[PDB]
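Enquirer: Here's a structure for you.
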Amino acid sequence: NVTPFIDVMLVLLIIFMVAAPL
Amino acid sequence: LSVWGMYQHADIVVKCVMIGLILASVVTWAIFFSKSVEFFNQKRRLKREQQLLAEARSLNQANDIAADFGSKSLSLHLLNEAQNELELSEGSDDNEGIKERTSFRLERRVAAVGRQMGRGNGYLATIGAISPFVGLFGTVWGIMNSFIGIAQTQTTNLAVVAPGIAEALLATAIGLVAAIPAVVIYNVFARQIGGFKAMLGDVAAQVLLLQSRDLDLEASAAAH
Amino acid sequence: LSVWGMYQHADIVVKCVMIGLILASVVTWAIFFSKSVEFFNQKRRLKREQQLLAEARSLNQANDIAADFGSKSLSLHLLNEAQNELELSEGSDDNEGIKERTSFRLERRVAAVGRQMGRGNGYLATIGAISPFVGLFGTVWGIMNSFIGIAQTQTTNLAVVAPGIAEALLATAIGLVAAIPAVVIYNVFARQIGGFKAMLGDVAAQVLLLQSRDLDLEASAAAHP
Amino acid sequence: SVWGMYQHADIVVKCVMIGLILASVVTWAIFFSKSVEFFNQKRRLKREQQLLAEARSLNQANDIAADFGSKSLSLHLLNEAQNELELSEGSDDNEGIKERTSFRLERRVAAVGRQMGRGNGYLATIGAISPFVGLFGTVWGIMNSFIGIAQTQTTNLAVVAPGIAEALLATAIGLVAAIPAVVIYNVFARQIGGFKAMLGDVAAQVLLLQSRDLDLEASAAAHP
Amino acid sequence: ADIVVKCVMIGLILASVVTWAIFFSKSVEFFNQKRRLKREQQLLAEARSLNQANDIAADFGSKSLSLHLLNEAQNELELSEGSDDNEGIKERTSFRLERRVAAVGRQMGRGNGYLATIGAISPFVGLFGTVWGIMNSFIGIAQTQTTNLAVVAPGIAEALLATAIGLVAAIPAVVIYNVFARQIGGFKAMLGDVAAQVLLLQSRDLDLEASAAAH
Amino acid sequence: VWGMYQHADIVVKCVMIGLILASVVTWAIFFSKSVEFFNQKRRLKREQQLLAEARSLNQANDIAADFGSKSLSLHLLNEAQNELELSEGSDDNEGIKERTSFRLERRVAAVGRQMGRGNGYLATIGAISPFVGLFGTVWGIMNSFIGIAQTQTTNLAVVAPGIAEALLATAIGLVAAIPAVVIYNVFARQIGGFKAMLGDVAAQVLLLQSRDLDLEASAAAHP
């Protein structure tokens, strides 16, 4: 029911990706 | 990439994920087509036979109205069940018992026919729930090979990760395409189950009370 | 850049998704306003009428009071159902059977009266549930198109491709905008379910007790007529 | 700066967060009031149930469950009982009354639930969906942060270092309105559910008492 | 390679082995039950007396669930001896069925919530595996100023392997539970059909007692 | 390190220890209810073998007499004899039973309310513990963003201890989450087993006293 907010961690992975080219 | 490019831009395991999601999508679209047009037929028949059976002032009159429905009326077989227990409780002066005895019989039979059509529920509901999680597997596979591509470069920019990013996002989007219409038309069809099967239960209570009032006549008015 | 310069620039699929979210929101607002106005018409009107009918005390004075409610008296139509059963009670010497035949008939219509307004509910409630997931697919669509666009040559520099990701996240934004008050509106409609169905079930049991005590008079007080 | 940490991102996000905190405060008032009210009820019905399990007759129940203070719900149950006793007048049918009267109290028990059933949507559902509100506020803040990244392109390192942290903080205030509020109706089920037992016990018991009191007619005052 | 993330993954795979073993046993048993019940349902649809109910259910072997329900029925035939109350028994006996049949369903009630909730929370324990892995990666780069995420890229990949096997265990357990509960509904429905038929058989026979003594 | 245990924050460490101490409280709940229904399944197994063929209410009493004073069957026989003492003078056998039965069944729910407590802890805490961990993540990454807006390099180990304590919050939320809902599903199977079997015993007593009141309503009638 309240499961898919592992997508919030996927957003955190997007943040991990924008930290990369720096 | 290109058309054949984006065919090849996803890896063959990711491609298997894509084809599995889209094939499950299309076969449950066919399931959707079947349910939609069959419930369409059933509710137009519901509308016409409801207008035909609301006027049934006698249950024998209701048998007469069940006759000119075609042989494939559910209500015809319910009146067949009614005459069946008229012949099985043939000899039952316990008019007080029979109908209760009949009712739950009724409270299975064409409801089970309704519980026929709830067979396809797991397809829509559960496959639409798990399809983003299939997309999660696609992300795991694509970002694992993206980490392989980083370890081949150690450049840590968008170029060394980005084709695996595109493959994982392709798997994610196809998981969402296989996700959302399945669960939402699942909820549509379950609401159709509710409305249609409820009005079928209304017709069932109508028949129950037709027989209930006629056996009250035979019990107390034919006493007198 | 400007919102039109961010918006017409964005993908037309995401644009169609967000406008579908806003149009389903308009449908939801219309349905909410309708149920709200109609339900308080029911609440105020049939609340004063409930004060009238809870001590109507005769079941024919229940008919007489519900006669002048206006045409929208659901309760007078249930009284018509009761008189219908009285017309079905013709010849029925058994008072006790009638009552059972009476009983569910009220809660055959009444929840149907509930399903008078039962339509539209699962629609907008499940819209309010699953709309951010629709916006999530909008994000995956937009970010997927952007990160194919920076992967074909292949380039770098997220900062010059980031507005595509923002226009993707606008889909999740409008999905949440539609998502919250639709769930809110079905929760307050479930409070309407509670208030209306409970109160009119009180009215139903009131009529049940009126005609039930009247058949008790006909079976036990008229046992010594 | 600390007030700089207040004033980094935006004021619409501030408005959303303080709306979360104000809904939290009014539902705190809901929790506190229902808590002290149900303690009054629990201590009351605790000693009342002690004294009324030993209420060996319904007249002894009218004696004991009177006061107890003048505001006992059980007093209104005795009022409804004597109401239909006065409405039992004329009909010698013991067998009908009680049945109907059963669900009278049970519908009154529904009213008892409908005593406190109103307002729980605030507590439980706001506790459920507050991080989703903060999620949307975070979507708002990160999209504005991406506008800021579009303002200073070719370098996205510290263009938005603090401000995204404010939007996430919006989720945090969604998080600060997430946990206990759901829990509150969980609280405001459980021994309240026992209350759904407890008071729903005893008048039922009184029903039983009255049932046995009708046996004190139907088995004792049956033959004059 | 790593061991604790591997411990989580082999917990996933061994729970999958238990789940597939349960699925195989249940599914083969359910085929036996349902095709046997198809034939024996065609048989007992016209079991028109309680004696005919016993006689048609006689050739089923001792593995008939319904034969023990005929034993249930004959048990309260023998226990209701001495009193003339036909009228109570039936409801009670109905409720005996409302015990026994549920017990029959509860006969398979054990591993259901197991594998259902296993398929539910398998991505959550895979999430814990990747939390463990990425946290150990950032302990590995907990120095002052690092760059080059390739020094933590395969560690996060091995962390994602936990989410992968979490998904692998997550899908078919919830899937097979929904299938099994669906034919829990179907098979309990047919068994309740059988129970209702037996209740109507004995109900019509007690009505022929109360009416043959009347007529 | 010991400094790495209190690293950069202690209130997120406070919610770590809050999660695992609520875990220990519900572990006490777990092992208590575990050995409880262990004693209950052994006892009610033996007592089931005893009172399955207690041919009378007198045999329902006397075959329950070896149970000790701490059997629930003793309380149900108290309920039955209570309705016998309350139906003194009641020639209507036919009513009593219904009036008796749901007494039992409210008592049966009281049976569930013998351990209605503790359950919401395990179930709801095992649901929402990673959301507590999620607030721990948001707290930790906001503090790390304070740090990398103080440094403004924003790469790469300057975010790393905040990321590590955010994942530590996640991990303690997960450790609190999974076995708690696991143990409530175990306890729901305890609900099913004990509720069902004790309801079998309740139906047994209702059948016994039902047949005995039928023998009283047809005592000098069938002969």
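In this analysis, Cβ positions are derived from the backbone assuming ideal geometry, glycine residues included, and neighbour counts consider all displayed protein chains. Just so you know, all these numbers are worked out from the coordinates, no wet-lab data involved.
Enquirer: Going 7 Å from the Cα of E:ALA102 toward and past its Cβ, which residues in the range F:80-119 have a backbone nitrogen under 19 Å from where you end up?
Expert: From the range F:80-119, the list is F:98-116.
Enquirer: Do you know the relative contact order of chain E, to the nearest whole percent, from alpha carbon pairs under 8 angstrom that are 6+ apart? Let's see the in-between values first.
Expert: Numbers: 147 pairs, mean separation 70.5, N = 215.
Contact order relative to length: 33 percent.
Enquirer: Hey, if you put +1 on the Cβ of every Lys and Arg and -1 on every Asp and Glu Cβ in chain B, which of B:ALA54, B:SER25, B:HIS77 ends up farthest toward the positive end of that dipole?
Expert: Result: B:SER25.
Enquirer: Okay, moving on. Using unit Cβ charges (K, R positive; D, E negative) and no other charged atoms, how large, in debye to the nearest 20, is the dipole of chain E about its Cα centre? Show your work: numbers first, answer last.
Expert: On the way: 19 positive and 20 negative charges, 215 e Å.
Value, rounded to 20: 1040 debye.
Enquirer: Cα to Cα, under 23 Å, and not fewer than 8 places away if on the same chain: which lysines meet these conditions relative to B:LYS35?
Expert: Answer for B:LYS35, where 23 Å is the Cα cut-off: B:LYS43, B:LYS47, B:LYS72, B:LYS197, listed by chain and number.
Enquirer: Local charge sum around C:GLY138 (other residues, Cβ-Cβ under 14 Å, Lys/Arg +1, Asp/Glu -1)? Don't skip to the answer; put the middle values down first.
Expert: Values: positive: C:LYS15; negative: A:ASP7, C:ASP11, C:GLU167.
Summing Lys and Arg as +1 and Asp and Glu as -1 gives -2.
Enquirer: From the convex hull of the Cα coordinates of chain D, what is the mean projected area in square nanometres?
Expert: Values: hull surface 69.2 nm².
Directional mean of the projected Cα hull area for chain D stands at 17.3 nm².
Enquirer: Whole angstrom only: what separates the Cα centroid of the range C:147-225 from the Cα centroid of the range D:63-122?
Expert: Using only Cα atoms to place each centre, the spacing works out to 32 Å.
Enquirer: I'd like the FRET efficiency for B:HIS224 and E:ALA189, computed as 1/(1 + (r/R0)^6) with the beta carbon distance as r and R0 of 41 Å, rounded to 0.05.
Expert: On the way: r = 42 Å, r/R0 = 1.03.
For B:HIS224 and E:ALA189, the calculated efficiency is 0.45.
Enquirer: Further question on the same structure: Can you run the Rg to Rh ratio on the range D:109-151? Use alpha carbon positions and the Kirkwood inverse-distance Rh.
Expert: Details: Rg = 19.0 Å, Rh = 13.1 Å.
Rg/Rh: 1.45.
Enquirer: Residues of D:90-102, mean number of Cβ from any other protein chain within 10 Å of their own Cβ, rounded to a whole number? Let's see the in-between values first.
Expert: Working: counts 7, 12, 6, 11, 3, 4, 9, 4, 2, 1, 7, 1, 0.
The per-residue average across the peptide is 5.
Enquirer: Rounded to two decimals, what ratio of Rg to Rh does the range E:17-113 give with C-alpha atoms and a Kirkwood Rh? Walk me through the numbers before you get to the answer.
Expert: On the way: Rg = 16.4 Å, Rh = 15.5 Å.
Over the Cα atoms of the range E:17-113, Rg/Rh equals 1.06.
Enquirer: Continuing with the same structure: So, counting K/R as plus one and D/E as minus one, what does the shell of residues with Cβ under 9 Å around F:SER71 add up to?
Expert: Numbers: positive: F:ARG43, F:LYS70; negative: F:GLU47.
For residues surrounding F:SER71, the net value is +1.
Enquirer: Ranked highest first by average number of other Cβ atoms within 10 Å, how do B:114-124, D:157-167, D:135-145 line up?
Expert: Highest-to-lowest ranking by the protection proxy: D:135-145, D:157-167, B:114-124.
Enquirer: Is any helix in chain F, taking whole DSSP H runs, at least 18 angstrom long along its axis by alpha carbon and on average at least 0.5 on the Kyte-Doolittle scale, and which ones?
Expert: Values: long enough: F:11-51 (57 Å, 0.55); F:72-86 (21 Å, -0.03); F:93-112 (29 Å, -0.76); F:119-151 (47 Å, 1.02); F:160-217 (82 Å, 1.04).
Going by DSSP H runs, the hits are F:11-51, F:119-151, F:160-217.
Enquirer: Now, a different point. If we restrict to alpha carbons, what Rg and Dmax does the protein assembly as shown come to, in Å?
Expert: Both quantities, over Cα of the protein assembly as shown: 33.8, 106 Å.
Enquirer: Less than 24 Å apart at the alpha-carbon level, and either on another chain or at least 8 residues along: which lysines does that give for F:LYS13?
Expert: none
Enquirer: Hey, can you grab everything whose amide H is under 5 Å from the amide H of A:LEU22? Only 5+ residues off in sequence or another chain; H modelled, so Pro and N-termini drop out.
Expert: none
Enquirer: Output wanted: per-residue J couplings in Hz (rounded whole) for the range E:57-64, from phi through Karplus 6.51 cos²θ - 1.76 cosθ + 1.60, θ = phi - 60°, x for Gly and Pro.
Expert: The phi angles translate into 7, 6, 7, 6, x, 6, 7, 6 Hz.
Enquirer: With unit charges on the beta carbons (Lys and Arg positive, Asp and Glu negative) and the dipole taken about the Cα centre of chain B, which residue among B:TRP4, B:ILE180, B:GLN154 sits farthest to the positive side?
Expert: Projecting each Cα onto the dipole axis, the largest value belongs to B:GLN154.
Enquirer: If you don't mind, another one. Modelling each spin label as a point 7 Å along the Cα-to-Cβ direction, I'd like the F:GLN48/C:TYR7 distance in nm, to one decimal.
Expert: Going by the 7 Å Cα→Cβ label model, 6.7 nm.
Enquirer: Right, another one. Using just the alpha carbons, could you tell me how many Å³ per residue the convex hull of the range E:72-184 encloses?
Expert: Working: hull volume 13.8 nm³, N = 113.
In the range E:72-184, the Cα convex hull volume per residue is 122 Å³.
Enquirer: On to the next question. For a Förster distance of 41 Å, can you work out the FRET efficiency between the beta-carbons of E:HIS68 and C:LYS197, rounded to the nearest 0.05?
Expert: 0.45
Enquirer: Please report how many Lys pairs in chain D have alpha carbons closer than 15 angstrom, counting only residues at least 8 apart along the chain or sitting on separate chains. Present the calculation step by step, with values, prior to reporting the outcome.
Expert: Working: D:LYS34/D:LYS42; D:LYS42/D:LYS71; D:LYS42/D:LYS196; D:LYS46/D:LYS196.
So the count works out to 4.
Enquirer: Charges only on Cβ, +1 for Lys and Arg, -1 for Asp and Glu: so what's the dipole of the protein assembly as shown about the Cα centre, in debye to the nearest 20? Write out the running numbers ahead of the final one.
Expert: Details: 95 positive and 101 negative charges, 1018 e Å.
So the magnitude is around 4900 debye.
Enquirer: Who wins for biggest fluctuation among B:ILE31, B:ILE174, B:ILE12 in a Gaussian network model of chain B, springs between alpha carbons below 10 Å?
Expert: Per the Cα network of chain B with a 10 Å cutoff, B:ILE12 tops the list.
Enquirer: Sticking with this one: Contact order normalised by length for the range B:123-224, with contacts defined as Cα pairs under 8 Å and 6 or more residues apart; what percent is it?
Expert: On the way: 77 pairs, mean separation 36.9, N = 102.
In percent, rounded to a whole number, it is 36.
Enquirer: Run the dipole for the range E:1-127 about the Cα centre, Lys and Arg Cβ at +1, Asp and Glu Cβ at -1, nothing else charged, and hand back the magnitude in debye, nearest 20. Present the calculation step by step, with values, prior to reporting the outcome.
Expert: Details: 16 positive and 15 negative charges, 175 e Å.
Taking the Cα centre of the range E:1-127 as origin, the dipole is about 840 debye.
Enquirer: Further question: So what is the diffusion coefficient of the range D:180-224 in µm² per second by Stokes-Einstein at 10 °C and 1.306 mPa s, using a Kirkwood Rh over Cα pairs? Let's see the in-between values first.
Expert: Details: Rh = 12.8 Å.
This corresponds to a translational diffusion coefficient of 125 µm²/s.
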